[PDB]
Each structure stands twice: as C-alpha cells, then as structure tokens.
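Undergrad: Structure below; questions to follow.
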Amino acid sequence: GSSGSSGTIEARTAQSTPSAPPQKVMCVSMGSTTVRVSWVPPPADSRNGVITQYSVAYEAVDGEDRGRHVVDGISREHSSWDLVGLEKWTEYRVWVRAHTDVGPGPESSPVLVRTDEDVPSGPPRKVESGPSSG
C-alpha cells in the first residue's frame, strides 16, 4: 500500500508546519559563557509555513546543572540567537525550531559546542587522515 503524493503549491496563508527546516543548524561558542546558533531560512517555492517566531533551548550535557533553558520572544526575522548565562569550558546541546501560524515544529539537529577554556591547560590533539569526499 501507499498513501500520499508529492506536490505542494505556494500560498499566502500558512498551510502546514515545516518538516525539513529549520536545517543546517550551525552553533558556535561566541565566548566562554555565551553561545551563538544560526539556522537557514525556509524556501519560498515550497514554503510549508510562514515562520512567525523562533524557539531556542540549551542544556548542559556534561555539566552539573542539567537544567534546560528556553528562550521566548524571538523575532522571526532573526534566524540566529545569542545565548547568555552558561558555564565555561563546557559542552551544551542547543535545540532550535521554527513555529508557524499552523502549529509548532519538532526540535532540530543539536550541535555540540564547547565554550572557551578558563584554565591555562589546552585540550588534546587527535590527528587523523581525511578520505576522499565529494
């Protein structure tokens, strides 16, 4: 059996929630206690829904505090956010999604980022050869 075909036209008023987007979510540690996450905007040709607002969240994966925070009140014109109030030299899982007038969306691919280090001790150096890609 097989139910469901392809072919979605464009419309002014959002139709359904996005599936792929947000995508290409690239997060980077702005400093030591601040993080910056940016994502790619949805296409127009097949715009599942007009992003009305963006939601971001972060939680220490390898930290004492396992409290996941959530940012509210983010402009839809901002495909990026600057998190402030985290630990230094610690990894954090940032989850950014896109909400539409039709409904909320599922979390996106989490990016592990390690904030700058405080101690004068530098991280390890693991060498490795890269195969043929592309």
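By convention here, the chains of the structure tokens are called A, B, ... in the order presented, each chain's residues are numbered starting at 1, and ligands are numbered starting at 1 in the order presented.
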Among chain A, which residues carry a DSSP assignment of strand (DSSP E), reported as an NGL selection string?

TA: :A and (23-28 or 34-40 or 51-60 or 69-71 or 80-84 or 91-100 or 111-114)

Undergrad: Show me, as a VMD selection string, the residues that have an atom within 10 Å of residue 55 of chain A when counting only C-alpha atoms, minus same-chain residues fewer than 5 positions from it.

TA: chain A and resid 70 to 76 81 95 to 99 104 to 105 107

Undergrad: Name all residues at most 8 Å from residue 79 of chain A (count only C-alpha atoms; drop same-chain ones fewer than 5 positions away) and give them as an mmCIF file with N, CA, C and O atoms, in the first residue's frame.

TA:
```
data_model
loop_
_atom_site.group_PDB
_atom_site.id
_atom_site.type_symbol
_atom_site.label_atom_id
_atom_site.label_comp_id
_atom_site.auth_asym_id
_atom_site.auth_seq_id
_atom_site.Cartn_x
_atom_site.Cartn_y
_atom_site.Cartn_z
ATOM 1 N N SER A 38 22.902 29.695 14.598
ATOM 2 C CA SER A 38 22.256 30.224 13.403
ATOM 3 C C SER A 38 21.715 29.094 12.532
ATOM 4 O O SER A 38 22.319 28.026 12.437
ATOM 5 N N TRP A 39 20.573 29.338 11.899
ATOM 6 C CA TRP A 39 19.950 28.342 11.036
ATOM 7 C C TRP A 39 19.558 28.951 9.695
ATOM 8 O O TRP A 39 19.445 30.171 9.565
ATOM 9 N N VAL A 40 19.351 28.096 8.698
ATOM 10 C CA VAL A 40 18.971 28.552 7.367
ATOM 11 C C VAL A 40 17.459 28.712 7.253
ATOM 12 O O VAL A 40 16.684 27.876 7.715
ATOM 13 N N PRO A 41 17.027 29.814 6.619
ATOM 14 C CA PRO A 41 15.605 30.111 6.428
ATOM 15 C C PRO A 41 14.943 29.162 5.434
ATOM 16 O O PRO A 41 15.585 28.622 4.533
ATOM 17 N N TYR A 54 10.668 32.061 16.361
ATOM 18 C CA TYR A 54 11.661 31.005 16.526
ATOM 19 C C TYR A 54 11.873 30.683 18.003
ATOM 20 O O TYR A 54 11.869 31.575 18.851
#
```

Undergrad: Near residue 114 of chain A, counting only C-alpha atoms, which residues have an atom at most 8 Å away, once you skip same-chain residues fewer than 5 positions from it, shown as an MDAnalysis selection string?

TA: chainID A and resid 29 89:92

Undergrad: Write the residues of the selection above to a file with N, CA and C atoms, as a compact mmCIF listing (two decimals), in the first residue's frame.

TA:
```
# COMPACT_ATOMS: atom_id res chain seq x y z
N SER A 29 30.39 28.66 19.89
CA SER A 29 30.59 29.34 21.16
C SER A 29 31.17 30.73 20.96
N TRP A 89 34.01 26.42 29.41
CA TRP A 89 34.67 25.17 29.05
C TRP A 89 33.75 23.98 29.29
N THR A 90 32.52 24.09 28.82
CA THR A 90 31.54 23.02 28.98
C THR A 90 30.66 22.88 27.75
N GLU A 91 30.38 21.64 27.36
CA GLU A 91 29.55 21.37 26.19
C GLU A 91 28.07 21.63 26.50
N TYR A 92 27.34 22.08 25.49
CA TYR A 92 25.92 22.37 25.66
C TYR A 92 25.13 21.99 24.41
```

Undergrad: Rounded to one decimal place, report the atom CA of residue 26 of chain A-atom CA of residue 58 of chain A distance in Å.

TA: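 Computing the Euclidean distance for atom CA of residue 26 of chain A and atom CA of residue 58 of chain A yields 13.9 Å.
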